[PDB]
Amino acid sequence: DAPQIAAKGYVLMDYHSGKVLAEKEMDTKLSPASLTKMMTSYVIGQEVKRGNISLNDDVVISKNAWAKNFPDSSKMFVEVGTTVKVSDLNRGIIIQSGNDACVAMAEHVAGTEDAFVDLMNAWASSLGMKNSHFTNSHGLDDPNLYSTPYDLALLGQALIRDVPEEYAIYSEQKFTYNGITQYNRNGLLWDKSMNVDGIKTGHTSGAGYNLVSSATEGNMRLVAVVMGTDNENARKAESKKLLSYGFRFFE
């Protein structure tokens, strides 16, 4: 008896087999918003593993990455004409959810945001995200930027599976850049009763708060996606319920 989850859509997936244990509106399209950053970090993770970029490179911060372009949204607080290290931009993306850092990495990886988006969709396709399409590296709204809870689950799973060095970064609780400290918004990282080590948080303006989470217990690993909860407390509680049910499902 799957429990009731106060969310517009969700999916709970066994990480090992990829089997869906429970779901609601699993394949219905939504605006993923800041969860789009998981795809950005996925592409960055592949580039780092293959050696096309190094964590020690100095990245140019262009006009397009200027903090000035992202008023009202989360930022790492990067400045034009300076350089920032790849590892630092990565954490800005993952921990701080900084849109500025997304654009800077996009450019460092593929020259322009558009080409970076080409790599994002080519990876989405090879991962089996058949109901997803990206238009930018950060998630700000666009009619053609969409995904689904199920696809987002595949993405979370792929992060843990294919880019572990990138995935480890999702359990870091905070990050400081330029004397500005920001916390990882995934509150489940602080829960002592559970071993939640990811993944990413976000908000979709007409729907609500979202969370893509993963946790382990014994030899089990689950990936859960909850979309459209009414507030940050519900985002945590409903994800925790979803996950506990999965741990109990295998019994």
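From 1 onward, residues are counted along the sequence shown.
- Relative to its counterpart among 137 to 145 and 150 to 158, 137 to 145 has the higher mean temperature factor, C-alpha atoms as listed in the PDB entry.
- Set 107 to 115 against 83 to 91 and average the Cα temperature factors; 107 to 115 ends up higher.
- The deposited CA B-factor of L35 belongs to the middle third of values across its chain.
- The entry lists a Cα temperature factor for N121 that places it in the middle third of the chain's modelled residues.
- Placement of the Cα temperature factor of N99 within the chain: middle third of the modelled residues, per the deposited record.
- For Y177, the recorded CA temperature factor ranks within the middle third of the chain's modelled residues.
- When all modelled residues of the chain are sorted by CA temperature factor, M129 is found within the middle third.
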